[PDB]
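What follows is a short report on a single structure.
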């Protein structure tokens, strides 16, 4: 699809067999989701945003379906204000910015 | 143009008679620039993201050209680590997400 | 990792 930006680009994703809403975020290097359980091992990591740094759990090689498009990659879990799909998965679904 | 997302989508903007590098950020409601001494009236604002909130100065009706495409709107100035072009100006340049 |  083509998504305009008059409203936040929120979409439905499937992850760990659950549906969630997430924001397609070209300003994010990484995908970060609010607290939830994911299967498998995780490693502690830190990431930074506009307000400073937070601690997250890094899950690798996680399948995520985004508007019906398949990705498998790194998902960070922690105290983000909104679920965000970052460039690591945006690239996998062939997402570009156009103007 | 078409901007792929393998790297941070950094582009050249012109604002207040300065050329600057800025990140096209679909996850940002607002445009937030690194500290700069713009003339004009402003008011204080708090904006939030990963890590918490920062204090910024809100300037209205500021012309901003983004890769040759003219825009005019609200710009926030504060201790962001990177210049961020948010949806308020992305909509004005006809920017879409496409996959 | 930068997440704006």
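Residue numbers (the authors' numbering), protein chains in the order written: chain A, 1 to 99; chain B, 1 to 99; chain C, 2 to 5.
Each residue gets a CB set at the ideal place from its N, CA and C atoms; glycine is no exception.
{"Check": "Tell me whether the stretch 21–40 of chain B and the stretch 73–92 of chain B touch, counting them as touching only if at least three CB pairs, one residue from each stretch, are closer than 8 Å.", "Outcome": "yes"}
{"Check": "If distances are taken between C-alpha atoms only, which option among A:5, A:10, A:66, A:45 comes closest to residue 55 of chain A?", "Outcome": "A:45"}
{"Check": "Using alpha carbons as the reference points, say which of B:48, B:43, B:27 lies closest to residue 58 of chain B.", "Outcome": "B:43"}
{"Check": "Going along the chain, which residues of the stretch 31–63 of chain A sit with their C-beta nearer than 8 Å to a C-beta in chain B?", "Outcome": "32, 47, 48, 49, 50, 51, 52, 53, 54"}
{"Check": "Using a beta-carbon distance below 8 Å, is residue 94 of chain A in contact with chain B?", "Outcome": "yes"}
{"Check": "Determine whether the Cβ of residue 90 of chain B lies closer than 8 Å to any Cβ atom of chain A.", "Outcome": "yes"}
{"Check": "I'd like to know if residue 84 of chain A contacts chain C, where contact means its C-beta is closer than 8 Å to some C-beta of that chain.", "Outcome": "yes"}
{"Check": "Start and end of the alpha helix (DSSP H) containing residue 87 of chain B?", "Outcome": "87–90"}
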